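Single chain ahead, by itself, as structure tokens, in the form deposited in one PDB entry.
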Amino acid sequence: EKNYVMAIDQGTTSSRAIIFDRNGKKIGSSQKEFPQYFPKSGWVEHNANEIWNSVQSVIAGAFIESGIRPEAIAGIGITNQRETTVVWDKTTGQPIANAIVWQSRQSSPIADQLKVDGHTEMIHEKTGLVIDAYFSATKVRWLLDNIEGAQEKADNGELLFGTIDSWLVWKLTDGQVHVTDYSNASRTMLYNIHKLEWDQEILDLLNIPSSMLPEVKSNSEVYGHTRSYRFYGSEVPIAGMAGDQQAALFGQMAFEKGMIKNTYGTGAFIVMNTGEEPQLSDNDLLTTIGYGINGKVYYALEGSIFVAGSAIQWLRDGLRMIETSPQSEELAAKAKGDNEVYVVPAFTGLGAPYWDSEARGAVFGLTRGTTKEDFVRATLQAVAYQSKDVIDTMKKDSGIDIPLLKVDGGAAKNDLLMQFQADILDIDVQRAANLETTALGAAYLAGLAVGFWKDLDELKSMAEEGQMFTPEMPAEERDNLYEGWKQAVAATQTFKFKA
């Protein structure tokens, strides 16, 4: 088996599977959505079993659409939505409850307490992260706290913990392998990214038994093989794992220190390669592991913009102002205003570089002359503004001048938005040839593990330069646009009603 590699990308609202040849071309792909659950305001959950089914469906779909046999797959790469947490019974394999998604805030009481108990610096020094409900640590605690006899069962070695990648590999191997990779582990807030080990102090602190934790490994090595009856008779090698944003960094071939990217999906995530040394200030940002390969660990600086695509999804199902997501492209392209309406989509608090979990969504500059087209254009522009907030924060934290910026993700399909993005940044923006650089990065990792590709230089030559965007906006126009934004965000932060 060795002519194609398969990549699985389990996302926030959908799953996808793509089969690639030794040249990096999509021979076929499938994509399927799965249910989102909002039990209380701010709470966001997923049914781990429904995610597994969305995954079985897209793996099948890609085989069908491509017409190739499973016994022809050299290896499988897995990339997933990070932080999302699942806890399940190792004997029945059944989740003890719904999975808590990275977007959820249901574990805020727990994260707030950790700050009050003064663990902020300790956590950051060990994990490179900031205490918040966003990471896995507090989600496991929430589950052990609110599920009948779960903590007691946990103390007995019956319950397992895992991010989506561990959940998937566990399923693919029918309970034989319980593993995860450096990047996913570093996003848990329970993993020391310097010593490269689960941190006992933080585990004791949260009363989480270490018997729940999976083995941590590199992003490119054979973790195991699919159970024959779990992959159509064939035992295919699972050889690549990485959080979707890290997988995207790799897929953009940003291997050199300093190279930076931005992926536009449910959220926007700006990631920069910092090399084998996280040696620099990371004030107002996160320090995580980009990837571990060839016996080495590469670090990264990241800025999280939680609401990007999910805002357009909001204009569709919330305000019902838009009919379909792609229609926002056309509506914003008909705005006759002068850009003074600002939308700050902090539905679940402001992300990097603000990290203000109290703030909520807000809109400024409204006048009777403001149309639906203006409101929609302002919603789309928000992700472009916060991206600059992050990039400019990154330049300060490293000095590293940024002359270029690679971008990818579905929301990058918008030519106008990409031009706006480059105009306010005042730097070049290069869009990937094919938007799915995440599934591509997962495939590279698996490929290198099974020798599908000789090494990094071979992937480089396999590049494919894509659409380039250049600044063309007057210096006075972007200065004002951004200044207005800064004031809108400042205004949004002054509103902290607490009933």
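Between two forms, the rigid core is the largest collection of C-alphas that superpose within 1.5 Å. Start at 1 and count along the sequence shown; that's the residue number.
Omitted from view is the form deposited in another entry, to which the following refers.
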| query | finding |
| --- | --- |
| 2 Å-or-more CA mover between the shown form and the other one, where superposition uses the core and the choices are 333, 122, 177, 147 | 333 |
| Core-aligned CA displacement of residue 39 at least 2 Å between the shown form and the other one | no |
| Is_shifted residue 364 between the shown form and the other one (CA, 2 Å cut-off, rigid core) | yes |
| Core-superposed C-alpha of residue 281 shifting 2 Å or more between the shown form and the other one | yes |
| Direction of Cα pair change residue 460-residue 260 in the other form, magnitude 3 angstroms or more | farther |
| Pair residue 279/residue 301, Cα separation in the other form versus the displayed form, closer or farther by 3 angstroms or more | closer |
